[PDB]
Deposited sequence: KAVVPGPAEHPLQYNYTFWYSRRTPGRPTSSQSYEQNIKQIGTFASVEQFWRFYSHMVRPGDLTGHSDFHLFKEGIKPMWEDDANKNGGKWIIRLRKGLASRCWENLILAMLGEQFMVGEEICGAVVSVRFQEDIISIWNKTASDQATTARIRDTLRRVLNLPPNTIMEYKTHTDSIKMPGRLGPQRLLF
């Protein structure tokens, strides 16, 4: 029953799991788990882009075995970089973020937990979660990578929040 790359597929460094929630634990529901770039695109092709939703919603993309909640053992001592977005940016930013995460672009070893895009009333929020909030070398490198892969204006505000706060 283990999810594994298919023949001739491009394997990922980790299995990942898509989740979603909609404001209407089991608030957050699994969509599916994938092991290769091809499986990722197949899953992705079925999902509405976050910019095409206007109701209170979230997508979560986390390493398999990590629940998208801070109480998870992998998240308990961690934190996240948060970027608030005016409407119209979330779809492209989400895609850029998860491609970077899946492709191991952050170069922080095992530290990445997952990514979230949140659709709110007059803004959207994108974030990337890591395991150790007190690891400044790691959080700084994640910040630098975000700057490079999101391609947002240079004065874009990013904020780091430790989960326990």
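A.B. asks: Report the unmodelled segments of the deposited sequence as residue ranges counted from 1.
C.D. replies: Gaps in the modelled chain, taken against the deposited sequence, lie at 25-34, 176-190.
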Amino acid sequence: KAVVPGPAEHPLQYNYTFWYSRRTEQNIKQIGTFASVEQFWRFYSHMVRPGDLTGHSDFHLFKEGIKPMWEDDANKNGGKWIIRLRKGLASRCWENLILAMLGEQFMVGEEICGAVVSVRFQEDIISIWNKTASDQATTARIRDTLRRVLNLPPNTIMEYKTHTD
From here on, numbers count along this sequence of modelled residues.
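So that the term is clear: the rigid core is the largest set of C-alpha atoms that superpose within 1.5 Å between two forms.
A.B. asks: Which of the two stretches, 46-54 or 62-70, moves more in 6 other deposited structures of this protein when the core is held fixed, judged by C-alpha RMS distance?
C.D. replies: Most displaced of the pair in 6 other deposited structures of this protein: 46-54.
A.B. asks: In 6 other deposited structures of this protein, superposed on the rigid core, which stretch sits farther off in Cα RMS terms, 150-158 or 14-22?
C.D. replies: It is 150-158 whose C-alphas lie farther from the shown form in 6 other deposited structures of this protein.
A.B. asks: Should the higher mean CA B-factor in the entry be assigned to 9-17 or to 147-155?
C.D. replies: Looking at the recorded C-alpha B-factors, 147-155 comes out higher on average.
A.B. asks: Tell me which stretch has the larger mean Cα B-factor in this entry, 115-123 or 25-33.
C.D. replies: Result: 25-33.
A.B. asks: Could you tell me which one of 45, 57, 138, 96 shows the highest CA temperature factor in the PDB record?
C.D. replies: If I rank 45, 57, 138, 96 by C-alpha B-factor, first place goes to 138.
A.B. asks: Which one of 64, 104, 52, 38 shows the top CA temperature factor in the record?
C.D. replies: 52 has the highest C-alpha B-factor of those listed.
A.B. asks: By its CA B factor, does residue 84 count among the lowest, middle or highest third of the modelled residues in the chain?
C.D. replies: Within its chain, residue 84 is a middle-third residue by C-alpha B-factor, going by the deposited values.
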